[PDB]
Ligand SMILES: Nc1ncnc2c1ncn2[C@@H]1O[C@H](COP(=O)(O)OP(=O)(O)OP(=O)(O)O)[C@@H](O)[C@H]1O
Ligand SMILES: Nc1ncnc2c1ncn2[C@@H]1O[C@H](COP(=O)(O)OP(=O)(O)O)[C@@H](O)[C@H]1O
C-alpha cells in the first residue's frame, strides 16, 4: 500500500528476466530455438522449461509461529509470515487474507514434515500468485466526472506555463513532452496487459479463489539452496507443498537436451501447445541454479513468450524492420547484464541473512536490486 | 486534427472555438494586465462600446442539443443514437461517462422546451458556446467562490506542477520507504499530479457538481448568428436558458463606453473588486459579434486577467522586477494572428454546416483550428 512491508521481512527481491534474441522466423519475435541456442552455445547441455503461470511475482516467507518471526527476523508484528511483492510491498491490503494464505502453506508444510527434514522453522519461497487481477493496479478512460484526457490536457497546459518560470536554472527544451509520452505509453501498455490477461483472470471472493505456484526454495535456516538444480526445486516443492491443498500448484515443466534435435523438437511442440490460445509462454533455465561459462555468468532464466501474447503486447498491426530488430537485440543486451547484477545482489542478500549478518548489510543488496529496477527499460520485454 | 481525441461521433464536430489573446501589457507598476489596455485596443479601432464578462474558473464547452435522437441522425447524420454532445476546445468529449453527458444535454433540452426556444427559432437543434464550471453542491455556490472565501487559489495546483518539474529533473542509513519514494516511476509522478489537478479543479461526481454558462447562440437551423451583437446573445440566452433549471447560469457582465472616462472608471473598478475577491479576471468583447475596421478584423475578444491570478500563470515573483519584460508584446502578436485565423475557420465551419455542405468540408475548417492550436506559442498568453 502506501508503505512497504516491515523491512525486517525483506531479505530478498527477485531479479528481472531477459527475453531471447529476435527470431529470424517470419512473423515471430521470440521462439524457443533462440532460448535453447543461447544455452547450447555456452556449454549447457540440459535446460528446464517451466510453464509461465500468468499471475504476479510473489516472495513468500513462512515461520512455524510468531515467536520464530520475532526472534529470527526481528518482526515485532505478531505475524508468522508474509507474502510480498516485487517492490517490497504486501501483496494484499487485507492482512487477514495474507495470514490465511500463510496458514494454508504452513499446514501443508506441517503434514509433509518439511520443517524436520530441512532442520528449519522458516522458509523463503519464490512464487507466482494467481490470478493476475488479484494484485493492485488501476485508469483514465472511464473517469467518474470530467474525462481523464481532458483533465490531463488541462494539467499539462499548466505544467508548460510553470516551466517558463525562473526557479531552477539547463537550457534544453522542456522534457514535458517526453514526460507526457512515458505517461500515455504507460497507459496504452497497461491497456494491452489487461487484454492479454483478461482471459486468465477471475474475481477473488476468498482465499479459495487464489493459486500459489512456488518455483524456488530460496532459503531455509542456515542454507541458501542456490546449489540445487531446478529439478530438485520443482520436485521438492511438489513433494512438500502440492500434495494436500489445491491452493498450492505444481508447475508443468519439461527437461530439454539442447544438443538433441529430437529433445529440442519436443520442447518446441510443448511451447507451441502452451501458447496456442495466447498463453504467455515459458521460462527456460539452465539445469543448475548457477552456471558459469568460463568466468562469464550465464542467465539464470530466459523467458520465451507466445506469438498470440506478444501480438497483444506489441499490437496486432505491428511490424519489425531492420534497425528496429537491431534496437530490440541491443535492448535485450541491456536487460541481460541488468538481470545478472540483480540476480547476484539477491543471492548475496539471502547469503548475508543466512550467515546472520546485520540487517543493513542484507538491505545493501536487497535495495540494490530495487535501485536497478528503477532504470528505464522496454516494458514489452 | 485527430479523432482518437474526440472519441465521439464525428458528425457532431461542426465547430471549435478560437484561442483568445490577452491585452497589451499595462504601463502601470506591478501590473502586467489592466483593463485600460483592453479598452484602448477597441477605442483606437472604432469600437465605441464593449461588453465585459466575468471570467470564471472552468473550461470552454461546445454544447449541441437536438430535440431527439431522430433529428440528430437526420440533420447531423449522427449514427450512435445520441441526441446531443458536450465537447472541449480540443474537440474531446467532456465526460468519459456517456450517461453523465446525456443528463447534461437533457437538462438543457428541458430548459429550451419550457421557454419555447425551438418554436421561436424554428429549429430542432442548436449549437451553443459556453463555459462549464465546477459547482459546490453542498454550499450551493461556485467552487471558485468557496475557495476564494478562505484565501485558497490555484497556487495549490501550481505548487504541485512545480514539485513534478523538480522531481522529474532529478536522478541509520537506508530507509525502504524513502527509497520507494525516490525510485517513484516517472509515469507515477505524472499520475499523482493529474489527480491533484482533478481534485482542485474538477471534483465532480455528478451533474449536481457542475454549472453551464452559455454566452453565444452560434447556430440554429438555417442561420449562424454572427450577425447579432453580444447583448442579443446575452438577452436571448437569459430568456430561453436562464429562467428555470439551475444548471444553466447567467454570466455576470457589464457594459463600457470606451470613449467615456466615467464609464471606464466604473469598469476598471468592476474588474478590481472582481479580481480582488480572487476572480480570474474578465473577457472584453466588442459590442458586435464581428467588427472589421478598415478591412482589418478586430479581435473577437480580449482577456484581462487579475494581478493575483497572474502569479499562478507567470510565477509568484513575476511582479517585482521581471515585470519589465513585458517585452512580450510581440508574443501577444503571434497569439493575435492565430486568434483571428481560428475565429474565421470556426464561423466558416458553421456556415458550411448551415448550408448543408458535406461533412468533410465542415471538418476541413474544424481541423484547421486544431492545426493552428498546434503551432508553438507562449502558453501563458
Ligand atoms: N463570458 C465569456 N466570453 C468568452 N469567453 C469566456 C467568458 N467567460 C469565460 N470565458 C473563458 O476564457 C477562455 C480563454 O482564456 P483562458 O486562457 O483562461 O482559457 P484556457 O485555459 O485556454 O482554456 P478554456 O478555453 O478551456 O477556458 C474562453 O475559452 C472561455 O472558457
Ligand atoms: N516457472 C517459472 N520460473 C521463473 N519465473 C516465472 C515462472 N513462471 C512465471 N514467472 C514470472 O515471469 C516473470 C517475468 O515477467 P515480466 O512480466 O517479463 O517481468 P520483468 O521485465 O521484470 O522480467 C518473472 O518476474 C516471474 O514473476
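Heads up, the Cβs are rebuilt from the backbone with ideal geometry, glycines too, and the neighbour counts pull from every protein chain shown. Where a number appears in this text, it was derived from the coordinates with a stated rule and is not lab data.
In which sequence would A:30, B:178 go, from the one with the fewest C-beta neighbours within 10 Å to the one with the most?
Taking fewest neighbouring Cβ atoms as first place, the list is B:178, A:30.
What's the FRET efficiency of residue A:67 with residue B:98 using the Cβ-Cβ distance as r and R₀ = 45 Å, to the nearest 0.05?
0.20
Please average, across the residues of B:159-165, the number of beta carbons from any other chain that are within 10 Å of each residue's own beta carbon, and give a whole number.
Rounded to a whole number, the mean comes out at 5.
Run the quick spin-label model on residue B:332 and residue B:371: label points 7 Å from Cα toward the beta carbon, then report their separation in nm to one decimal.
2.9 nm
What is the calculated FRET efficiency for residue A:239 to residue B:1, with r their C-beta to C-beta distance and R₀ = 56 Å, to the nearest 0.05?
Taking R0 as 56 Å, the efficiency between residue A:239 and residue B:1 is 0.30.
Taking every residue in B:80-90, how many Cβ atoms of other protein chains lie within 10 Å of its Cβ, on average?
Taking the mean over all residues of the peptide, I get 1.
Counting other beta carbons within 10 Å of each residue's own, what order do A:199, B:335 fall into, fewest first?
Taking fewest neighbouring Cβ atoms as first place, the list is A:199, B:335.
Would you mind classifying chain B by shape? Square roots of the alpha carbon gyration tensor eigenvalues, ordered a ≥ b ≥ c; an a/c under 1.5 is rounded, otherwise it is prolate if a/b is larger than b/c and oblate if not.
Oblate shape, in that a/c is at least 1.5 and b/c is the bigger or equal ratio.
Just the number, please: percent antiparallel of the DSSP beta bridges in the protein assembly as shown, rounded to the nearest 5.
95 percent
What spacing in nm lies between the two simple spin-label points modelled at residue B:295 and residue A:323, each 7 Å away from Cα in the Cβ direction?
Those two pseudo-labels are separated by 4.9 nm.
Report Rg(Cα)/(2.2 N^0.38 Å) for segment A:186-318, keeping two decimals.
1.25
Could you work out how far apart the two model spin labels at residue A:142 and residue B:177 are, taking each label as a point 7 Å from the Cα in the direction of the beta carbon, and quote it in nm?
Result: 3.3 nm between the two label points.
For peptide A:185-196, what's the mean number of Cβ atoms from other chains within 10 Å of each residue's Cβ?
1
What order do you get for B:242, A:41 when you list them from fewest to most C-beta neighbours inside 10 Å?
Listing B:242, A:41 from fewest to most nearby Cβ atoms yields A:41, B:242.
Is the C-alpha gyration tensor of segment A:138-199 telling us rounded, prolate or oblate? Criteria: a/c under 1.5 is rounded; beyond that, a/b larger than b/c is prolate, otherwise oblate.
Because a/c hits 1.5 or more and a/b fails to exceed b/c, segment A:138-199 counts as oblate.
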